[PDB]
Amino acid sequence: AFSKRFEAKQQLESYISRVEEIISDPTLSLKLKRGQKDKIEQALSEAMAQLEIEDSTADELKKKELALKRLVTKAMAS
Amino acid sequence: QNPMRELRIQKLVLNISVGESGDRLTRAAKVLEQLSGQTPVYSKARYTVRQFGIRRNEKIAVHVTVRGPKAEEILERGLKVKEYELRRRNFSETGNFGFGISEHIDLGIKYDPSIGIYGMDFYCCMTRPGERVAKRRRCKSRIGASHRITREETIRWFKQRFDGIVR
Amino acid sequence: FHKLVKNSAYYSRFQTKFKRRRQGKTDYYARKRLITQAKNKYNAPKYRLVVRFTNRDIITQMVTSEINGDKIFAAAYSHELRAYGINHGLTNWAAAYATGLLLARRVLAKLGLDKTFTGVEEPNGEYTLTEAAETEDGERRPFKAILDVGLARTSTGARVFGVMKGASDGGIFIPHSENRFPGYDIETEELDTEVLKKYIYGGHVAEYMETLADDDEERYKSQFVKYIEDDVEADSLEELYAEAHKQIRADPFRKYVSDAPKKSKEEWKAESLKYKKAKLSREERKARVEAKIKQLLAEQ
Amino acid sequence: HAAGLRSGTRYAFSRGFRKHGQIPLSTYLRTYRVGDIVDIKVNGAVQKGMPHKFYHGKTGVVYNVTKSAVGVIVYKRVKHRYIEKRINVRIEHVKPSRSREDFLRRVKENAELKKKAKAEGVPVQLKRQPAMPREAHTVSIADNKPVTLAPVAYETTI
RNA sequence: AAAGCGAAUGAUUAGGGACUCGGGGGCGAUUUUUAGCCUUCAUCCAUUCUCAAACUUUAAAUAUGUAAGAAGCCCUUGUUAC
RNA sequence: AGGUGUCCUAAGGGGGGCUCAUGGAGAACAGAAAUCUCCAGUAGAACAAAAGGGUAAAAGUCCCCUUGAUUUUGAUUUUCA
RNA sequence: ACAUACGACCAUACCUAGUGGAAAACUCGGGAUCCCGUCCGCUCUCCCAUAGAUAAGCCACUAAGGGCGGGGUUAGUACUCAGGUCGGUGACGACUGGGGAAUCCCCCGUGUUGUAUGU
Ligand SMILES: [Mg+2]
Ligand SMILES: [Mg+2]
Ligand SMILES: [Mg+2]
Ligand SMILES: [Mg+2]
Ligand SMILES: [Mg+2]
Ligand SMILES: [Mg+2]
Ligand SMILES: [Mg+2]
Ligand SMILES: [Mg+2]
Ligand SMILES: [Mg+2]
Ligand SMILES: [Mg+2]
Ligand SMILES: [Mg+2]
Ligand SMILES: [Mg+2]
Ligand SMILES: [Mg+2]
Ligand SMILES: [Mg+2]
Ligand SMILES: [Mg+2]
Ligand SMILES: [Mg+2]
Ligand SMILES: [Mg+2]
Ligand SMILES: [Mg+2]
Ligand SMILES: [Mg+2]
Ligand SMILES: [Mg+2]
Ligand SMILES: [Mg+2]
Ligand SMILES: [Mg+2]
Ligand SMILES: [Mg+2]
Ligand SMILES: [Mg+2]
């Protein structure tokens with residue numbers, strides 16, 4: 001449990017830093033609408049919280065990894 | 001023919017965009033109360049941008065609206081600073097106009113060092129009588145094509161009333 | 001430069017709303033709940049009391065819904081209130097009480113329940129509802145109807161509840177509560193019961209005249225021009241409306257005649273045909289194009 | 001592979017083109033009695049009292065009436081036998097059926113048409129019969145001279 | 001199934017007209033805040049060449065629910081706590 | 001080609017006012033992008049999440065009051081004997 | 001026939017631009033003590049029906065208007081159900097007994113109607 005939970009914690013942090021590059025650069029944000037922009041940052045707000053909490057397990061952290069990825073990938077693709 | 005097609009001032013609304021929340025904004029709202037005599041209303045930032053250092057749901061501006069003779073008087077003070085000279089591009093296709101002033105104490109408020117210095121924005125709305133048709137709740141409709149103001153008409157009204165000039 | 005949003009494809013995909021919603025006269029969301037009835041009771045009708053306010057009139061009707069349209073049971077306006085001794089303030093709140101009372105008495109006599117269900121018969125600012133009247137060694141339930149307010153905002157003291165109050169005192173049963181009547185204080189959740197009585201007989205407009213006369217003579221003269229000409233004073237307002245109530249119950253079918261020009265039903269049809277316009281025929285419409293072509297070609 | 005309650009109903013339950021929005025209000029003013037013939041047609045907008053996708057298009061007989069719904073009896077075909085089914089449908093989905101109107105029209109017409117003959121005294125031949133072969137007639141060629149036809153030769157269009 | 005794209009969503013080939021301050025490269029002194037003179041993409045408008053199992057304004061053939069009465073139709077008037 | 005072992009005292013229930021995404025033209029610092037005003041705008045927005053259906057004086061949005069997410073047992077529909 | 005209130009079908013009724021409107025009605029309009037609601041009597045709510053005006057809403061008419069509705073054409077074409085020891089190396093096609101569509105393009109039309117009161 002100690003190792004399994006700790007592995008998922010790093011991967012969730014990696015993607016949050018990863019998506020910040022897309023939203024920061026002007027080239028990709030130029031053609032992407034606000035309505036998609038504010039929905040990503042809204043999802044990022046509660047992501048920050050559960051790292052601080054200690055009760056989160058592998059299942060909860062892994063679920064929001066794909067939930068955040070699924071949300072952002074729909075905007076860029078179309 | 002011109003029985004009921006005479007222009008008038010519908011309302012004048014003027015705002016200050018301080019751009020950042022805190023005690024500074026509260027002082028700006030304090031300034032605006034005595035200018036109009038009415039309590040002002042705050043505004044919230046709907047975007048969230050790091051370049052300007054603002055987020056969502058934070059107050060960044062204030063504004064207030066006035067109507068009737070009070071709007072007529074306050075508009076006169078603003079044009080005095082502008083010495084009744086406006087640029088032709090200040091009039092929109094609808095028939096409205098506005099301007100801004102850098103210094104709020106250029107007209108007298110008996111300057112106080114505590115409140116500070118702010119820059120204010122001016123805007124007013126023209127109209128014709130019987131425009132309630134588009135705003136009543138019951139049987140709302142749309143006004144006709146011949147009964148709406150054009151750009152040329154409002155500048156003619158401005159020059160004839162205030163004896164001002166357009167550049 | 002951007003897309004022209006209103007192109008030929010935009011019109012084709014456009015779906016228009018109901019005709020009476022385009023004009024903004026009805027609210028179908030609220031209408032559905034008013035007219036539908038439980039399928040257990042098959043053909044028992046539902047009676048509505050509609051109230052509409054114009055600039056210079058008040059309209060009241062009794063309506064039942066049908067599959068091919070509405071049916072009107074009894075109607076009462078504010079024009080007919082002139083025959084009972086009222087000529088001014090036809091749209092104040094008190095005038096609503098009078099026309100509300102006229103319709104309630106007018107409908108009961110239509111279906112033969114006028115002798116019973118007399119009502120209060122002496123207006124008072126009390127919250128009461130019509131109850132069953134004992135007769136022939138039995139109990140008969142009163143006539144029931146509901147209120148249709150249309151698009152008017154239902155705030156405290158609005159005139160829409162005045163017609164509701166007036167018809168309730170007539171004898172008809174209309175379920176309601178007292179928290180919207182004037183004189184109701186939301187803080188103490190209590191009804192004064194005396195402001196309502198004063199405010200029924202035109203007391204509120206009576207206090208306006210005396211207050212306005214002292215403070216502003218010229219304004220008081222302009223607003224009440226027609227009151228002064230027929231020398232009706234503030235003291236006489238209460239006795240004026242109280243006498244009007246007596247004549248409503250005595251004879252609700254008294255006929256009123258206006259001063260507008262009058263003709264027979266058929267002569268009006270002939271008069272209107274004079275000003276009608278005739279559509280252009282196909283041959284005439286085609287001929288104009290050649291004339292338009294010839295002069296436009298010759299213009300340049 | 002899944003089997004949900006509304007699976008496969010992408011086009012069945014959808015409203016048509018240029019028909020979204022307000023429900024025509026004459027629907028709620030109809031009346032029903034037991035023994036009437038009604039047919040089911042599901043409306044997408046109303047999500048309460050909606051029957052299963054099997055009954056969308058079947059016809060049944062009313063057997064119960066309540067505040068805002070009717071009970072219909074329909075016959076379902078399981079393999080090798082029929083079963084009686086009883087469903088509850090909101091009135092936004094049901095509709096009176098013209099299936100039996102031809103019969104009800106004909107019985108009224110027959111009774112009155114038979115009455116007049118019995119007073120008069122002539123046989124009627126009231127019951128219907130299928131279409132019969134045509135009878136002999138004559139066709140004239142005055143000012144209607146026939147025109148001769150022939151097949152056409154091959155030719156390339158494009 | 002067929003059909004449709006000078007009809008929505010998605011894919012796609014080519015010229016023409018209108019525009020300069022959208023980007024790029026010049027010219028009369030690269031004078032240039034010259035809406036000068038050039039022009040290459042982009043944009044907008046009227047046309048043009050081909051497509052869609054998870055697209056659609058339209059829409060078959062074959063198959064499919066119900067009905068074709070005596071337990072029916074019409075007139076008169078008893079029961080009840082609905 | 002994709003989804004589920006969750007999440008919510010409101011994101012549940014009732015009522016009332018308002019209209020969204022986006023585009024054109026304007027206003028001191030202010031710019032591609034901050035706040036204010038008018039006109040156009042059939043949903044091209046929003047509705048916890050996969051996909052499909054549905055919704056404009058609303059089912060979206062803000063405001064006011066609340067706990068039908070309660071008690072006693074039967075009949076019916078879908079997978080199906 | 002015309003107007004108003006509550007409706008039915010829900011564009012033949014919508015959208016853009018231009019002219020005309022007897023009678024009454026509808027509308028714009030005037031005022032801010034009282035009931036009630038706002039940053040602001042703009043909206044909502046109260047009081048007046050005198051005065052001013054058909055400028056707008058509303059009604060009617062006009063446009064080789066866009067759209068929508070009905071029809072002709074495309075066409076007995078595309079497709080399809082049944083049949084043969086039918087053609088063809090195959091791809092696929094013709095014939096016999098039946099059912100039978102949809103664009104481009106061309107023509108016409110521009111709301112009908114129920115209950116109550118009144119011009
Ligand atoms: Mg309501
Ligand atoms: Mg209560
Ligand atoms: Mg399946
Ligand atoms: Mg369907
Ligand atoms: Mg449910
Ligand atoms: Mg195909
Ligand atoms: Mg097609
Ligand atoms: Mg396409
Ligand atoms: Mg395309
Ligand atoms: Mg090109
Ligand atoms: Mg398909
Ligand atoms: Mg059949
Ligand atoms: Mg799979
Ligand atoms: Mg709630
Ligand atoms: Mg709600
Ligand atoms: Mg609501
Ligand atoms: Mg949708
Ligand atoms: Mg199975
Ligand atoms: Mg007149
Ligand atoms: Mg005019
Ligand atoms: Mg056709
Ligand atoms: Mg055809
Ligand atoms: Mg074959
Ligand atoms: Mg026309």
# chains A, B, ... in the order shown; residues from 1 in each chain; ligands from 1

call {"tool": "residues_near_ligand", "arguments": {"ligand": "ligand 16", "cutoff": "9 Å", "atoms": "only C-alpha atoms (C1' of nucleotides) and all ligand atoms", "output": "count of residues only"}}
result
5

call {"tool": "residues_near_ligand", "arguments": {"ligand": "ligand 4", "cutoff": "12 Å", "atoms": "only C-alpha atoms (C1' of nucleotides) and all ligand atoms", "output": "list in words"}}
result
residues 9, 10, 11, 12, 13, 14, 15, 16, 17, 19, 20, 41, 42, 43, 44, 45, 53, 56 and 57 of chain D; 53 of chain F

call {"tool": "atom_distance", "arguments": {"atom1": "CA of residue 126 (chain C)", "atom2": "CA of residue 193 (chain C)"}}
result
5.8 Å

call {"tool": "interface_residues", "arguments": {"of": "chain G", "to": "chain D", "cutoff": "12 Å", "atoms": "only C-alpha atoms (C1' of nucleotides)", "output": "list in words"}}
result
residues 7, 8, 9, 10, 11 and 68 of chain G

call {"tool": "residues_near_ligand", "arguments": {"ligand": "ligand 24", "cutoff": "9 Å", "atoms": "only C-alpha atoms (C1' of nucleotides) and all ligand atoms", "output": "VMD selection string"}}
result
chain G and resid 62 to 63 65 110

call {"tool": "residues_near_ligand", "arguments": {"ligand": "ligand 6", "cutoff": "10 Å", "atoms": "only C-alpha atoms (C1' of nucleotides) and all ligand atoms", "output": "PyMOL selection string"}}
result
chain E and resi 1-3+52

call {"tool": "interface_residues", "arguments": {"of": "chain C", "to": "chain D", "cutoff": "8 Å", "atoms": "only C-alpha atoms", "output": "PyMOL selection string"}}
result
chain C and resi 13-15+17-18+32+36-40+42-43+66-67

call {"tool": "residues_near_ligand", "arguments": {"ligand": "ligand 19", "cutoff": "9 Å", "atoms": "only C-alpha atoms (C1' of nucleotides) and all ligand atoms", "output": "list in words"}}
result
residues 21, 22, 23, 24 and 54 of chain G

call {"tool": "write_last_selection", "arguments": {"atoms": "C-alpha atoms (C1' of nucleotides)", "output": "PDB file, in the first residue's frame"}}
result
ATOM      1  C1'   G G  21     -54.439  53.965 -42.095  1.00  0.00           C
ATOM      2  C1'   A G  22     -62.919  56.728 -41.500  1.00  0.00           C
ATOM      3  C1'   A G  23     -65.321  55.288 -36.620  1.00  0.00           C
ATOM      4  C1'   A G  24     -64.165  53.298 -31.894  1.00  0.00           C
ATOM      5  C1'   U G  54     -50.354  58.418 -35.174  1.00  0.00           C
TER       6        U G  54
END

call {"tool": "interface_residues", "arguments": {"of": "chain F", "to": "chain C", "cutoff": "9 Å", "atoms": "only C-alpha atoms (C1' of nucleotides)", "output": "list in words"}}
result
residues 23, 41, 42 and 57 of chain F

call {"tool": "write_last_selection", "arguments": {"atoms": "N, CA, C and O atoms (P, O5', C5', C4', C3', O3' and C1' of nucleotides)", "output": "PDB file, in the first residue's frame"}}
result
ATOM      1  P     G F  23     -16.072  36.278 -30.874  1.00  0.00           P
ATOM      2  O5'   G F  23     -16.914  37.124 -31.928  1.00  0.00           O
ATOM      3  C5'   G F  23     -16.816  36.846 -33.315  1.00  0.00           C
ATOM      4  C4'   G F  23     -17.857  37.590 -34.115  1.00  0.00           C
ATOM      5  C3'   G F  23     -17.741  39.105 -34.140  1.00  0.00           C
ATOM      6  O3'   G F  23     -16.759  39.575 -35.044  1.00  0.00           O
ATOM      7  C1'   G F  23     -19.977  38.504 -33.725  1.00  0.00           C
ATOM      8  P     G F  41     -31.829  38.830 -34.610  1.00  0.00           P
ATOM      9  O5'   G F  41     -30.813  37.773 -33.988  1.00  0.00           O
ATOM     10  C5'   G F  41     -30.088  36.877 -34.818  1.00  0.00           C
ATOM     11  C4'   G F  41     -29.073  36.089 -34.030  1.00  0.00           C
ATOM     12  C3'   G F  41     -29.632  35.123 -32.998  1.00  0.00           C
ATOM     13  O3'   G F  41     -30.051  33.891 -33.559  1.00  0.00           O
ATOM     14  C1'   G F  41     -27.920  36.405 -32.012  1.00  0.00           C
ATOM     15  P     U F  42     -31.365  33.158 -32.999  1.00  0.00           P
ATOM     16  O5'   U F  42     -31.167  31.628 -33.400  1.00  0.00           O
ATOM     17  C5'   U F  42     -30.218  30.804 -32.729  1.00  0.00           C
ATOM     18  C4'   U F  42     -30.656  29.358 -32.680  1.00  0.00           C
ATOM     19  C3'   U F  42     -30.857  28.686 -34.034  1.00  0.00           C
ATOM     20  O3'   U F  42     -30.589  27.291 -33.904  1.00  0.00           O
ATOM     21  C1'   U F  42     -32.904  28.715 -32.866  1.00  0.00           C
ATOM     22  P     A F  57     -39.733  30.549 -23.296  1.00  0.00           P
ATOM     23  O5'   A F  57     -39.890  30.876 -21.747  1.00  0.00           O
ATOM     24  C5'   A F  57     -38.781  31.314 -20.980  1.00  0.00           C
ATOM     25  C4'   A F  57     -39.211  32.202 -19.841  1.00  0.00           C
ATOM     26  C3'   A F  57     -40.249  31.621 -18.896  1.00  0.00           C
ATOM     27  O3'   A F  57     -39.665  30.783 -17.911  1.00  0.00           O
ATOM     28  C1'   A F  57     -40.872  33.821 -19.515  1.00  0.00           C
TER      29        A F  57
END

call {"tool": "residues_around", "arguments": {"residues": "region 57-64 of chain E", "least_positions_apart": "5", "cutoff": "8 Å", "atoms": "only C-alpha atoms (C1' of nucleotides)", "output": "PyMOL selection string"}}
result
(chain E and resi 7) or (chain G and resi 79-81+99-102)

call {"tool": "residues_near_ligand", "arguments": {"ligand": "ligand 13", "cutoff": "10 Å", "atoms": "only C-alpha atoms (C1' of nucleotides) and all ligand atoms", "output": "VMD selection string"}}
result
(chain D and resid 1) or (chain F and resid 1 to 3)

call {"tool": "write_last_selection", "arguments": {"atoms": "N, CA, C and O atoms (P, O5', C5', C4', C3', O3' and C1' of nucleotides)", "output": "PDB file, in the first residue's frame"}}
result
ATOM      1  N   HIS D   1     -21.435  -5.975 -25.704  1.00  0.00           N
ATOM      2  CA  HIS D   1     -22.860  -6.239 -25.856  1.00  0.00           C
ATOM      3  C   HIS D   1     -23.610  -5.966 -24.560  1.00  0.00           C
ATOM      4  O   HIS D   1     -23.356  -6.598 -23.538  1.00  0.00           O
TER       5      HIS D   1
ATOM      6  P     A F   1     -10.764   0.028 -32.366  1.00  0.00           P
ATOM      7  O5'   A F   1     -11.687   1.215 -31.851  1.00  0.00           O
ATOM      8  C5'   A F   1     -11.797   2.420 -32.590  1.00  0.00           C
ATOM      9  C4'   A F   1     -12.685   3.422 -31.898  1.00  0.00           C
ATOM     10  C3'   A F   1     -12.478   3.599 -30.405  1.00  0.00           C
ATOM     11  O3'   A F   1     -11.345   4.377 -30.068  1.00  0.00           O
ATOM     12  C1'   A F   1     -14.780   3.445 -30.854  1.00  0.00           C
ATOM     13  P     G F   2     -10.677   4.220 -28.615  1.00  0.00           P
ATOM     14  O5'   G F   2     -11.768   4.829 -27.628  1.00  0.00           O
ATOM     15  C5'   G F   2     -11.999   4.279 -26.340  1.00  0.00           C
ATOM     16  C4'   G F   2     -13.296   4.791 -25.764  1.00  0.00           C
ATOM     17  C3'   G F   2     -13.575   4.479 -24.303  1.00  0.00           C
ATOM     18  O3'   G F   2     -12.875   5.302 -23.391  1.00  0.00           O
ATOM     19  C1'   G F   2     -15.500   4.023 -25.560  1.00  0.00           C
ATOM     20  P     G F   3     -12.530   4.745 -21.923  1.00  0.00           P
ATOM     21  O5'   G F   3     -13.949   4.568 -21.220  1.00  0.00           O
ATOM     22  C5'   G F   3     -14.709   5.698 -20.826  1.00  0.00           C
ATOM     23  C4'   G F   3     -16.005   5.318 -20.146  1.00  0.00           C
ATOM     24  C3'   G F   3     -15.899   4.608 -18.809  1.00  0.00           C
ATOM     25  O3'   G F   3     -15.596   5.479 -17.736  1.00  0.00           O
ATOM     26  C1'   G F   3     -17.549   3.562 -20.133  1.00  0.00           C
TER      27        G F   3
END

call {"tool": "interface_residues", "arguments": {"of": "chain E", "to": "chain D", "cutoff": "9 Å", "atoms": "only C-alpha atoms (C1' of nucleotides)", "output": "number ranges by chain"}}
result
E: 57, 65-69, 73

call {"tool": "interface_residues", "arguments": {"of": "chain A", "to": "chain F", "cutoff": "12 Å", "atoms": "only C-alpha atoms (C1' of nucleotides)", "output": "PyMOL selection string"}}
result
chain A and resi 26-27+29-31+33-36+39+43+59-60+63-64+66-68+70-71

call {"tool": "write_last_selection", "arguments": {"atoms": "N, CA, C and O atoms", "output": "PDB file, in the first residue's frame"}}
result
ATOM      1  N   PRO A  26       1.009  30.717 -26.031  1.00  0.00           N
ATOM      2  CA  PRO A  26      -0.007  31.492 -26.755  1.00  0.00           C
ATOM      3  C   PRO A  26      -0.465  30.826 -28.043  1.00  0.00           C
ATOM      4  O   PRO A  26      -1.571  31.091 -28.524  1.00  0.00           O
ATOM      5  N   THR A  27       0.382  29.966 -28.614  1.00  0.00           N
ATOM      6  CA  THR A  27       0.068  29.364 -29.907  1.00  0.00           C
ATOM      7  C   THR A  27      -1.147  28.448 -29.815  1.00  0.00           C
ATOM      8  O   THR A  27      -2.059  28.521 -30.646  1.00  0.00           O
ATOM      9  N   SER A  29      -3.357  28.310 -27.199  1.00  0.00           N
ATOM     10  CA  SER A  29      -4.494  29.003 -26.605  1.00  0.00           C
ATOM     11  C   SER A  29      -5.167  29.963 -27.577  1.00  0.00           C
ATOM     12  O   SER A  29      -6.284  30.415 -27.304  1.00  0.00           O
ATOM     13  N   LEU A  30      -4.512  30.291 -28.694  1.00  0.00           N
ATOM     14  CA  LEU A  30      -5.073  31.264 -29.627  1.00  0.00           C
ATOM     15  C   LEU A  30      -6.371  30.764 -30.248  1.00  0.00           C
ATOM     16  O   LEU A  30      -7.334  31.526 -30.389  1.00  0.00           O
ATOM     17  N   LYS A  31      -6.419  29.489 -30.627  1.00  0.00           N
ATOM     18  CA  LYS A  31      -7.566  28.926 -31.325  1.00  0.00           C
ATOM     19  C   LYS A  31      -8.498  28.140 -30.410  1.00  0.00           C
ATOM     20  O   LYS A  31      -9.434  27.501 -30.901  1.00  0.00           O
ATOM     21  N   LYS A  33     -11.235  28.097 -27.261  1.00  0.00           N
ATOM     22  CA  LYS A  33     -12.209  29.030 -26.713  1.00  0.00           C
ATOM     23  C   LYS A  33     -12.139  29.084 -25.188  1.00  0.00           C
ATOM     24  O   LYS A  33     -11.601  28.192 -24.527  1.00  0.00           O
ATOM     25  N   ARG A  34     -12.707  30.160 -24.634  1.00  0.00           N
ATOM     26  CA  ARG A  34     -12.709  30.345 -23.184  1.00  0.00           C
ATOM     27  C   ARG A  34     -13.509  29.256 -22.480  1.00  0.00           C
ATOM     28  O   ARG A  34     -13.098  28.762 -21.423  1.00  0.00           O
ATOM     29  N   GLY A  35     -14.654  28.872 -23.049  1.00  0.00           N
ATOM     30  CA  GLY A  35     -15.523  27.918 -22.377  1.00  0.00           C
ATOM     31  C   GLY A  35     -14.827  26.606 -22.071  1.00  0.00           C
ATOM     32  O   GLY A  35     -15.114  25.959 -21.062  1.00  0.00           O
ATOM     33  N   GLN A  36     -13.914  26.190 -22.946  1.00  0.00           N
ATOM     34  CA  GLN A  36     -13.076  25.039 -22.646  1.00  0.00           C
ATOM     35  C   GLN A  36     -11.964  25.386 -21.662  1.00  0.00           C
ATOM     36  O   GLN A  36     -11.560  24.529 -20.869  1.00  0.00           O
ATOM     37  N   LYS A  39     -13.089  25.448 -17.842  1.00  0.00           N
ATOM     38  CA  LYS A  39     -13.485  24.144 -17.327  1.00  0.00           C
ATOM     39  C   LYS A  39     -12.274  23.312 -16.924  1.00  0.00           C
ATOM     40  O   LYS A  39     -12.357  22.514 -15.983  1.00  0.00           O
ATOM     41  N   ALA A  43     -11.403  22.093 -12.980  1.00  0.00           N
ATOM     42  CA  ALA A  43     -11.042  20.734 -12.598  1.00  0.00           C
ATOM     43  C   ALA A  43      -9.693  20.688 -11.892  1.00  0.00           C
ATOM     44  O   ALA A  43      -9.481  19.842 -11.017  1.00  0.00           O
ATOM     45  N   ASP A  59      -7.019   4.246  -5.883  1.00  0.00           N
ATOM     46  CA  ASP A  59      -8.193   4.279  -6.750  1.00  0.00           C
ATOM     47  C   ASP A  59      -8.640   5.708  -7.032  1.00  0.00           C
ATOM     48  O   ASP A  59      -8.905   6.072  -8.183  1.00  0.00           O
ATOM     49  N   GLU A  60      -8.736   6.535  -5.987  1.00  0.00           N
ATOM     50  CA  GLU A  60      -9.199   7.906  -6.174  1.00  0.00           C
ATOM     51  C   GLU A  60      -8.219   8.722  -7.005  1.00  0.00           C
ATOM     52  O   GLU A  60      -8.627   9.468  -7.903  1.00  0.00           O
ATOM     53  N   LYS A  63      -8.293   7.634 -10.734  1.00  0.00           N
ATOM     54  CA  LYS A  63      -9.510   7.985 -11.461  1.00  0.00           C
ATOM     55  C   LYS A  63      -9.423   9.386 -12.051  1.00  0.00           C
ATOM     56  O   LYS A  63      -9.785   9.602 -13.214  1.00  0.00           O
ATOM     57  N   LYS A  64      -8.935  10.348 -11.271  1.00  0.00           N
ATOM     58  CA  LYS A  64      -8.878  11.727 -11.732  1.00  0.00           C
ATOM     59  C   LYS A  64      -7.712  11.971 -12.684  1.00  0.00           C
ATOM     60  O   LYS A  64      -7.689  12.997 -13.371  1.00  0.00           O
ATOM     61  N   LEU A  66      -7.196  10.040 -15.401  1.00  0.00           N
ATOM     62  CA  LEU A  66      -7.840   9.890 -16.699  1.00  0.00           C
ATOM     63  C   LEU A  66      -8.968  10.892 -16.894  1.00  0.00           C
ATOM     64  O   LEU A  66      -9.248  11.287 -18.031  1.00  0.00           O
ATOM     65  N   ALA A  67      -9.634  11.298 -15.809  1.00  0.00           N
ATOM     66  CA  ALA A  67     -10.692  12.297 -15.922  1.00  0.00           C
ATOM     67  C   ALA A  67     -10.140  13.634 -16.398  1.00  0.00           C
ATOM     68  O   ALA A  67     -10.733  14.285 -17.267  1.00  0.00           O
ATOM     69  N   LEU A  68      -9.008  14.065 -15.836  1.00  0.00           N
ATOM     70  CA  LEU A  68      -8.381  15.299 -16.295  1.00  0.00           C
ATOM     71  C   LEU A  68      -7.868  15.162 -17.722  1.00  0.00           C
ATOM     72  O   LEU A  68      -8.021  16.081 -18.534  1.00  0.00           O
ATOM     73  N   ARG A  70      -8.993  13.098 -20.055  1.00  0.00           N
ATOM     74  CA  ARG A  70     -10.120  12.995 -20.977  1.00  0.00           C
ATOM     75  C   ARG A  70     -10.719  14.364 -21.271  1.00  0.00           C
ATOM     76  O   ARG A  70     -11.120  14.647 -22.405  1.00  0.00           O
ATOM     77  N   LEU A  71     -10.789  15.228 -20.256  1.00  0.00           N
ATOM     78  CA  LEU A  71     -11.378  16.550 -20.441  1.00  0.00           C
ATOM     79  C   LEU A  71     -10.532  17.407 -21.378  1.00  0.00           C
ATOM     80  O   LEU A  71     -11.054  18.022 -22.314  1.00  0.00           O
TER      81      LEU A  71
END

call {"tool": "residues_near_ligand", "arguments": {"ligand": "ligand 18", "cutoff": "12 Å", "atoms": "only C-alpha atoms (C1' of nucleotides) and all ligand atoms", "output": "number ranges by chain"}}
result
D: 1-3; F: 79-80
